[PDB]
Structure formats: C-alpha cells, structure tokens
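Chain IDs A, B, C, D, E, F and G follow the sequence of writing; residue 1 opens each chain.
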Amino acid sequence: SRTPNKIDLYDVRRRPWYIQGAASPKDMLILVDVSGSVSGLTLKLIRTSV
Amino acid sequence: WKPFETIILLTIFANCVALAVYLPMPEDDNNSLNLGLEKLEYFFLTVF
Amino acid sequence: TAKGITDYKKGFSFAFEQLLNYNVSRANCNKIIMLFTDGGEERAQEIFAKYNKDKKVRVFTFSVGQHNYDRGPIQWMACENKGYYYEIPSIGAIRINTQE
Amino acid sequence: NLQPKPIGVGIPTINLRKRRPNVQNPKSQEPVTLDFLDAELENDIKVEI
Amino acid sequence: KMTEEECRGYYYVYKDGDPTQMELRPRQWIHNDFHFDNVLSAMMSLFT
Amino acid sequence: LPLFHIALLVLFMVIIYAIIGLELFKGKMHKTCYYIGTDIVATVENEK
Amino acid sequence: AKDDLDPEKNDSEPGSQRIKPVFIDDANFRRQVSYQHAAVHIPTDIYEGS
C-alpha cells in the first residue's frame, strides 16, 4: 500500500473471474440523463460512472 | 374608493410570491411548476 | 454536453425498443436498464405499465452528485421494477456502486 | 501467435502536459481476447472451419 | 463516513478531480474548531 | 446630499491608488511554480 | 498481504494479529511462497478491523 509509492486499487468484486460466477450474462443498456440541470459537477460524475 | 387600492395591493403580494418560487435551472431546463408560473405571469400582467 | 428538457418518457421508450431488437445477436439473459440522473419530478408510470407489465426488465436508477433535486420518483421507479437504487456523490463512491 | 502483452485498441495518445509526476493511475485489467480469425490470416475456408 | 466507528483506516483524495491522480490519506474523525458544546465554547464561537 | 463631498473624495483615491498601483505593479504577478514539464500548478494542501 | 514483513514493525491493530511467514522460493510460482497458510488481500479503501 504505502511502502512503495505505487498503490494498488485492486478489488476482488471488480475482477472478471469473480463477476462471471457472480451472476449470469446480461444485455444491459445504459441511459444517460443529458438535461441542463445535470451540467456541472454532476455531469462530470456521470461520464466516469458509465 | 377604499379597497380598490388594496385589492391591487393584495394582488402584488401574490406576484412577489410568484417570483420567489421560480426555481432557476441551468442550460434551458424546467420543471412543471415553472411552466405553470409563466402562464401566471401573463395573468398578473393583464391586471396591471 | 448537457442541454435541454428532461423527458423520462422518451428515454424509457427508446430504452425498451432497444431491448426488443431480437434481430441482432443477443445475450437474451438478464435484461436490465440503468439510468444515471440527478433528480426526477415525474415517475413515468405509464411507460412501465405496458413495456414491462410483468416486470421482465430490471430498472436501476442512480442519483449522482450533490444536488437538491427530488429523489423520491427515481427510488419509486427502482422499487417498482425489482432493481435497486444507488447514490454517487463523489469520485471515490463510483467504484463500489457501479460494481454492486 | 497468442502473446503475453495485452490486446490493444486504438492509437495510444497520452498528454505529457497533464500527468503530474507521482500519482499512479490504473495500469490494465482487460482480458487478452485475440480471435482465431485474428491470430491467423483470414480466409473464407477458415471461417467455415 | 457518518460516525466515528467507521472513520478509521485510509482513503483516497483526488487532485483537481481527475479520477486518475489519487493519493492515500488516513481518515480521522476531526472535531470542529469553533463549536457549541458547553456555555464557554458557545460564547467563544458567538464572539467571532 | 450631505455625503456628496465624501463620495467625491473616495473617488479621487480609488483613482490615485490605481494609477500608482498601475505604474508599480503592472505585469508582475504572472509567474507560478509549475511541475516540471507540465501545466499543473504546484501547491501545498491549504495554499492558494 | 501487502504489509511490511519486517519483524521490528509490530503495528498490531485491534481485533487482528499478524503472521510472519517463512517464504521459500518456488517454481510453478515465480515468487517466494509459503505453503502453511493462506494470505489475505484486503482492498485499500476498505478498513480491516471492521
């Protein structure tokens, strides 16, 4: 974590092996709300979530 | 005569609330209540 | 780029139609739609009645950023469709809610 | 033909004017998904196979 | 982290909001400087 | 109307200190510490 | 895992007690390994001791 200066951000849940056996395959479809109110800090957050 | 001045002095305190509930929204966006207030602006204007 | 009026009715019509292509190659398994948005004044009750009357589709609603828009309708959509609700206010909150 | 290096997408463009020197961004997590019609020269008599 | 039992261990800060430029910090439950917690510190805060 | 001759005196001091402060201070504050070879400005956590 | 193995450290967080293992070097793993127990990876923003 802190003994070098590179720090791991590894999560088991995130892992592909973990995910395929977590659940079944899926057809998803991301909707993004692009109305005017979102512009600002919130719009910035959405692009990084998707 | 007497309340004619005060029926339109009561009208304008209703207009001041009608500007104080307008919720400004960024980049040309709206909600339902600002779309029923812009009609109200028309109603207020006619009386004056 | 953000601009314009929010419409959850044309947003979920376009989503369901996308979900029903059946000409293309598809997974055909869990069918789910997730919307990222801040606040909603409309629950769009009508679109869900028909497009997913039997709840085949799962809806996940995400409320993001620090804001004052109403979250009750979005939570309701998530509850109605057997999905879930997730807030994200921050960048460090993205990593455990988009995997959850 | 399959190799240890990850399969790459696009032409890599990094901006040197906006990497502060000591913060350590994510490296990689993608799977190495090379396809059979990309490990070898493609035919029509190999898409049949 | 809303309470003290959870406010332990380390966390990330992001510099200029880039989600790629991050650094560990230990998190710690800090009390405010000027606060209202007895009559004495409540008069200290009010003066300011 | 009594505070007229005061307001005129504030205005010949906001002008005087501006042309003094132009002639002395013009164009001096355009240099900052930058990370080597970046456009990223370098600070400590609580420094503007 | 991801903790200093130096004996003189002795952090000793509450609830937990660590192990100093002995770490033979190996083939089929191209790293030093211990066959007497399993390591534990906790991700970084997750506190251990919760």
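Just so it is clear, a residue touches a chain if its C-beta (ideal position, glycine included) is under 8 Å from a C-beta of that chain, and two chains touch if they have at least 3 such contacts.
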item: Chain-chain pair with the highest tally of contacting C-beta pairs; value: A-C
item: Chain whose averaged C-alpha position falls nearest the assembly-wide average; value: A
item: Geometric centre distance via CA averages, chain G-chain B, whole Å; value: 68
item: Separation of chain E from chain F, taking each centre as the mean of its C-alpha atoms, in whole Å; value: 33
item: Distance between the centres, which are taken as Cα means, of chain E and chain D, whole angstrom; value: 43
item: Multi-chain contact residues (two or more partners), chain A; value: 1, 7, 9, 11, 14, 35-37, 39-40, 48
item: Touching two or more other chains - residues of chain B; value: 26-29
item: Chain E partner contacts - residues on chain D that touch it in the complex; value: 20, 23-26
item: Interface residues, chain D side, partner chain A - complex; value: 22, 24, 26, 29, 31
item: Residues of chain C that touch chain A when the two form their complex; value: 1-6, 11-12, 15, 18-19, 26-39, 62, 64-67, 69, 88-91, 94-100
item: Chain D contact footprint on chain F (complex, rising order); value: 35-40
item: Partner chain G, residues of chain A touching it in the complex; value: 1, 3, 7-12
